[PDB]
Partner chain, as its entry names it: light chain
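The data below hold one chain only, encoded as structure tokens and taken in the form deposited without the partner chain.
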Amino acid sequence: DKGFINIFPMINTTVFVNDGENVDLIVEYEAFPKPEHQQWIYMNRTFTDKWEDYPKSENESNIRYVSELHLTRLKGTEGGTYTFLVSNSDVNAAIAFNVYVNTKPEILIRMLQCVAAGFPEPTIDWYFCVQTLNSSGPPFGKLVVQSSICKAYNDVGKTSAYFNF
């Protein structure tokens, strides 16, 4: 047999984190020969000092290794796929984590239009006393919904605003 790299996640690959909280993406993996070019990537951007790598055993015959990425104070926009890559002289290997960041809806108004953004997808109710877009600027949220006929909410929170003529 030749070289090999086998990766096992220590936590579930799909993780859910509340807005402003932390999460540690942990991976164990066996490799021969000595693993090289350990790397954590999010959005073509490489984390320089937010992660750590170390052998699981001090013993010389160890081929078990651990890599951890420390995500701190995650924002709703910082949700997405975080990828870990590693290689040796023979094999290239990778594993991916899907990080969801729960956020309460942010609503804006520009005949006005009410637009809610966040995760999970905010639903809009109207009380008396629908399309989907994807924008970078305000309001800041993973999923964006506009309702026309303003209260907005999801399983993590609610946001309201009144409008009169």
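Positions refer to the first chain, counted from 1.
* **Continuity check for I149 and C150, given as deposited residues lacking coordinates between them** => Gap size class: 10 or more residues without coordinates, per the record.
* Residues with no coordinates between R110 and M111, taken from the deposited sequence as a class -> Count of unmodelled residues in between: 4 to 9.
* **Of 150 to 158 and 21 to 29, the stretch whose C-alpha atoms average the higher B-factor in the entry** => Mean CA B-factor is higher for 150 to 158.
* Between 58 to 66 and 133 to 141, point out the one with the higher average CA B-factor as the PDB entry records it. => Mean CA B-factor is higher for 133 to 141.
* Per the PDB entry, which option out of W40, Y100, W126, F97 has the greatest Cα B factor? -> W126 has the highest C-alpha B-factor of those listed.
* Name the third of the chain's ranked CA B-factors that contains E52, choosing lowest, middle or highest. => Lowest third.
The same protein also has a form solved in complex with the partner chain, omitted here; what follows describes it.
* Asked: For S57, is any heavy atom within 4.5 Å of the partner chain in the entry with it bound, or not?
  -> Answer yes; at least one heavy atom of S57 falls within 4.5 Å of the partner chain in the entry with it bound.
* **Exercise: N22 in contact with the partner chain in the entry with it bound, heavy atom 4.5 Å** => Looking in the entry with it bound, residue contacts with the partner chain include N22, since a heavy atom lies within 4.5 Å.
* 4.5 Å heavy atom contact, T72 to the partner chain in the entry with it bound -> Answer yes; at least one heavy atom of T72 falls within 4.5 Å of the partner chain in the entry with it bound.
* 4.5 Å heavy atom contact, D125 to the partner chain in the entry with it bound -> The answer is no: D125 has no heavy atom within 4.5 Å of the partner chain.
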